[PDB]
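Protein chains in written order, with full-length UniProt numbering: chain G, 31 to 108, 111 to 224; chain P, 58 to 124, 128 to 263; chain E, 27 to 243; chain F, 63 to 227.
The beta-carbon is built from N, C-alpha and C at its ideal position, and this holds for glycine as well.
The structure under discussion appears below in the form of structure tokens.
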Amino acid sequence: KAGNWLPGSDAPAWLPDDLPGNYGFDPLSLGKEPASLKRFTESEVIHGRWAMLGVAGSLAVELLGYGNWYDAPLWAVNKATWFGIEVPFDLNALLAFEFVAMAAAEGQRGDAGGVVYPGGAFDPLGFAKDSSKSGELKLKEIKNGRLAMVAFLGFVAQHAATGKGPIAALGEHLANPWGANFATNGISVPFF
Amino acid sequence: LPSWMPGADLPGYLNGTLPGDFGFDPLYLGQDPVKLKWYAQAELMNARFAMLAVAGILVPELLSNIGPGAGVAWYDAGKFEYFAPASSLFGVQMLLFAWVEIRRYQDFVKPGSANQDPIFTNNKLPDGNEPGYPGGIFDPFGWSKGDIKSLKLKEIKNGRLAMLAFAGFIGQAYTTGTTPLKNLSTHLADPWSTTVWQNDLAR
Amino acid sequence: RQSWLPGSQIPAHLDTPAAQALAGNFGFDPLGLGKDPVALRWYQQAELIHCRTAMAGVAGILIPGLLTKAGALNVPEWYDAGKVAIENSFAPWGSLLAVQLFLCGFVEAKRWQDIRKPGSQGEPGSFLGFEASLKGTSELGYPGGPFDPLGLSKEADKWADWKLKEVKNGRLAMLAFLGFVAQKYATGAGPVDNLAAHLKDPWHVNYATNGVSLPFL
Amino acid sequence: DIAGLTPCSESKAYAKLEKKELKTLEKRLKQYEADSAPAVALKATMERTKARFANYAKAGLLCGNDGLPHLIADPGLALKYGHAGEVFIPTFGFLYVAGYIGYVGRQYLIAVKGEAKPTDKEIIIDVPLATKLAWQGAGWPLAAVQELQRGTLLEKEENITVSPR
Ligand code: CLA
Ligand code: CLA
Ligand code: CLA
Ligand SMILES: CC1=C[C@H](O)CC(C)(C)[C@H]1/C=C/C(C)=C/C=C/C(C)=C/C=C/C=C(C)/C=C/C=C(C)/C=C/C1=C(C)C[C@H](O)CC1(C)C
Ligand SMILES: CC1=C[C@H](O)CC(C)(C)[C@H]1/C=C/C(C)=C/C=C/C(C)=C/C=C/C=C(C)/C=C/C=C(C)/C=C/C1=C(C)C[C@H](O)CC1(C)C
């Protein structure tokens, strides 16, 4: 048990203690059944890893200064680029290569039943050969992943509000903090 | 038992355990004890915010007539600058009150379960829980020494009086179009030609 | 017990444990529609669905219609909001109606098969992770899980009170929507305007004077 | 419009027929007094004639070569060109009242078969029971589809059959 999402409240009797990120947060009781809970642990770890990659990518694009995460498909809604170097491909070819590669990798992952923490060639540096620090890094992994999921939904909502990138909106929040937030928006709070 | 109307038959569920128990419930709204717990806590909360409201409407107007950033009336506080738009202040208000309000609600749901400081886990409210009457750091000057049967009753009497006073300020302002201390100054200048019936018929 | 008419005889199908334990039972079936218990189960469900969508609809009428008389929320009249929104929108109304027919038909068929069999939508395997949280809550028409997030239906000493508040507010919102339609055809103004006219002159501006609702007088 | 028919407010034989009926009524009118009851009755007749032609031109009816209103009996074509009020709304109104009559008669028959004198309750009508079923017959489509879905609308094969079958 990593803590308590709301102190005073009790932990549900279906979430076991030896699980990465068990704050007891299940109001809707979605995982009272073990097969459902197994599938959701798998899905939570996969969503967390993809969201860490996506948030790190959007931060890297905007900090290195080639637009934001929203300007990146504008050549294809309309030439691609990467590290400023142009990449000689088109939308249909990219969708073909991505579909083949992700279908292959995803299909190899889906053949294994309940593999969440695979190791092996996925884990070349061998940090998870101790069975205790590996579990502490599982807890760090699920916390970073939940934080990056919240960060990416914040990116999407923040861009739907202001129409700007997250680093530029952070610059606005540092310049005029009481004049640039979700309430000068005019969208997040509909009044005034 | 001091009745709201002496000689009348009082509702049997009212027993003096609540502060200010005068047997007044003609609509029988407190029959269920669960609803009576909710209504007791809501009476306390509406009463305390109304006491702060009547203080915040009196004291700037009581200081505006005598010898201070603005002497603006209480219902024109929105049309003033306050270094920021009111929407951002609304957002800050809703975040900090989301925290405090849900913490009070978790105390009311499970009494004896919202007492210790979450960040600095040595700080703690004592075990005299009493939902609605926290204690500890909320009583910093060491009061409550008295039984509080008396202090709780004074608290609910001043609170009912200020709830009636704020329902006043809304009504008097919406009728007369003006400020309440100027309304009291007119009632002191000529009480016999300035009554509710006089102004209502002068409409 | 309480009844819609004191002194009238209560129908014998609304005076059983299964009928008296339902919600909002006042013995009102003069046309005898619920004599069949299967019909009364189906009509309980139809009343619950009409109650909830009527409350949501009448709230969408009133709260923008009340706040449009104050400062914010310049919202059109409820009999003009579809035209104004589809001018504001991006899709044609036919495509939007087709999308809502598919998205509503899925959910509706879920509810339909739950009405047919109560322990139905919790087949292990039939849903990805929905399947655990899509059973009933031992009373049909009152689901649990993702429906009702805040856990207000957990305390049993409040439960009949919440039921009866829901069925009263629902029947009253159905009366409100039939009123919205009727007033719209009779007067030609919005319901807040009708309320302002009945408050401005009650004894002369009502349905006895509109020249439509009773034309013999 | 539909089937080559012009609208009646656009048709010319419709106006000619209106003018012809007014001409016959005023030729009958021109041989009386003013405040006399035949003149009053004929002016009421002319008022009803003008009101009738104005109402049929207002309702959007389709006229032919003879200037007479034609009805459209096709649900889709009527609902497409605004003619549901002439066949489609009347057929659902009729089916409501005809099933009303039939369902009240059926409930009276089932109520009087459960006594010791069904023929006596068929010759001398039980008026309170008949008025009770006549008021309760307003929910006849719901009650009919429920009795359909329970398998109690229909008698089984305990019916009378001939030697052949
Ligand atoms: C992205 C999908 C996702 C999935 C599949 C899970 C799955 C899980 N979470 Mg995790 N969680 C997530 C994201 C997710 N989480 C995010 C983003 C946060 C930070 C807010 C958390 C914070 C969190 C805590 C603190 C805890 C969990 C826990 C759990 C486990 C038990 C809960 C359960 O059975 O419900 C299954 C969950 C789902 C089916 C989620 C799917 C999405 C639902 C259906 C709709 C959500 C929409 C969302 C509210 C929209 C927000 C919009 C915004 C503008 C308001 C389960 C393994 C508990 C645990 O034991 O950890 C392992 C626990 O204590 N979660
Ligand atoms: C992951 C945490 C996180 C952080 C650090 C930020 C930060 C920011 N947001 Mg974003 N946002 C987030 C999540 C986050 N957001 C989520 C989940 C949503 C969907 C509800 C949004 C939707 C959103 C909109 C619509 C807007 C912003 C804006 C902003 C900027 C101004 C401050 C503000 O008003 O915040 C918004 C405040 C909230 C969303 C409430 C806080 C709720 C979070 C998730 C609780 C967790 C915070 C944590 C306890 C403390 C911070 C931890 C952090 C240091 C890692 C600021 C850079 C504004 C902007 O563009 O500035 C110019 C703006 O208009 N955000
Ligand atoms: C009694 C037999 C009968 C007959 C001979 C017709 C004849 C007609 N119908 Mg009608 N219709 C009927 C009963 C009938 N209808 C009933 C009972 C309904 C309700 C279910 C409809 C609902 C309906 C609609 C919605 C439409 C028609 C249309 C038509 C016209 C062209 C279609 C056709 O040739 O299909 C031969 C008819 C049948 C085999 C009888 C069954 C009718 C089915 C249920 C509906 C057919 C609609 C058709 C697929 C739409 C074609 C579009 C067209 C532009 C090509 C034709 C005059 C269309 C029209 O308006 O044309 C201008 C049209 O849009 N009908
Ligand atoms: C837990 C629970 C339990 C209870 O019972 C109930 C409830 C409460 C319901 C629940 C909750 C839930 C939740 C919270 C959810 C959320 C989620 C999320 C947010 C996700 C995201 C998630 C997210 C994600 C993955 C993301 C990812 C992303 C990515 C890849 C990105 C990408 C990109 C980039 C790079 C950039 C470029 O230019 C573009 C793009 C393409 C854009
Ligand atoms: C019980 C009984 C019994 C015996 O036996 C017999 C008898 C007597 C016959 C019976 C009775 C009956 C009755 C009375 C009924 C009625 C009902 C109703 C009223 C419904 C409504 C109902 C109603 C409803 C649902 C409604 C809903 C609504 C809605 C959603 C709305 C929506 C909307 C909105 C928001 C806005 C926009 O802009 C538009 C719209 C779109 C419009």
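- Those residues whose C-beta sits under 6 Å from the nearest heavy atom of ligand 2 are, from N- to C-terminal order along the chain, G:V182, G:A183, G:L185, G:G186, G:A189, G:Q190, G:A193, G:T194, G:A201, G:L202, G:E204, G:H205, G:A212, G:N213, G:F214, G:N217 and G:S220.
- Non-local beta-carbon contacts of E:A223 in its own chain, meaning distances under 7 Å to residues more than five positions away in sequence, involve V231 in chain order.
- At a C-beta separation below 9 Å, G:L36 has these neighbours in chain P: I162 and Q166.
- Distance from the CA atom of E:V193 to the CA atom of G:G146, rounded to whole angstroms, is 46 Å.
- Taking a 10 Å sphere around the C-beta of F:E80, we find 16 or more other C-beta atoms and assign the residue as buried.
- Under the DSSP definition of a beta bridge, E:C77 lacks any partner.
- For the pair F:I185 and F:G201, the Cα-to-Cα distance works out to about 27 Å.
- Nearest in C-alpha terms to G:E118, of all of G:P64, G:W105 and G:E204, is G:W105.
- In terms of Cβ geometry, F:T111 and F:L130 do not form a close pair [threshold 9 Å].
- DSSP lists no beta-bridge partner residue for P:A137.
- No Cβ of chain F is located within less than 9 Å of the beta carbon of E:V207.
- Looking at the DSSP output, F:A146 shares a beta bridge with no other residue.
- Between the region 68–87 of chain E and the region 188–203 of chain E there are three or more inter-stretch CB-CB distances shorter than 8 Å, so the stretches are counted as touching.
- Taking a C-beta cut-off of 9 Å against chain P, the contacting residues of the region 163–185 of chain E are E181, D183 and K184, listed in chain order.
- Contact of P:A174 with chain G by beta-carbon distance below 7 Å involves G38.
- The same chain holds no residue with a CB closer than 7 Å to that of F:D182 once the five nearest residues on each side in sequence are set aside.
- P:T254 and P:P76 have their C-alpha atoms spaced approximately 37 Å apart.
- Only exposed fits P:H247, as fewer than 16 other CB atoms lie within 10 angstroms of its CB.
- The three-state secondary structure of G:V119, taken from DSSP, is strand.
- Pairing E:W119 with F:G144, the inter-Cα distance amounts to about 21 Å.
- Taking 9 Å as the cut-off, the beta carbon of G:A102 is found no closer than this to the beta carbon of G:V85.
- Residue range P180 to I185 is occupied by the alpha helix (DSSP H) that includes F:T181.
- Selection P:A144, P:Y70 and P:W203 evaluated against G:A212 yields P:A144 as nearest (Cα-Cα).
- Each residue's CA atom was taken as its position, placing E:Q71 and P:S60 some 48 Å apart.
- Look at E:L92: its C-beta is not under 9 Å from any C-beta on chain F.
- Under the DSSP assignment, G:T71 falls outside any beta strand (DSSP E), being part of the alpha helix (DSSP H) whose first and last residues are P64 to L94.
- Runs of the alpha helix (DSSP H) lying entirely within the region 128–213 of chain G, each at least 4 residues long, are 165–194 and 198–207 in chain order.
- For G:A112, the pairing in a beta bridge is given by DSSP as G:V119.
- Contact annotation for E:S152 against chain G: no contact, minimum CB-CB distance about 12 Å [criterion: below 7 Å].
- Comparing alpha carbon positions, the residue from P:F201, P:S210, P:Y70 and P:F79 closest to P:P63 is P:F79.
- In the same chain as F:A196, and ignoring 5 residues on each side of it, the C-beta atoms closer than 7 Å to its own belong to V166, in chain order.
- Counting of Cβ neighbours within 10 angstroms places E:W104 among the buried residues, the total reaching 16 or more.
- Sequence-ordered contacts of the region 133–148 of chain P with chain G read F143, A144, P145, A146, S147 and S148 [C-beta pairs closer than 9 Å].
- Close partners of F:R212 in chain E (Cβ separation under 8 Å): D62 and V64.
- For E:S159, the nearest beta carbon of chain G is closer than 9 Å to its own beta carbon.
- Taking all protein chains shown into account, P:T239 has 16 or more neighbouring C-beta atoms within 10 Å of its C-beta and is therefore buried.
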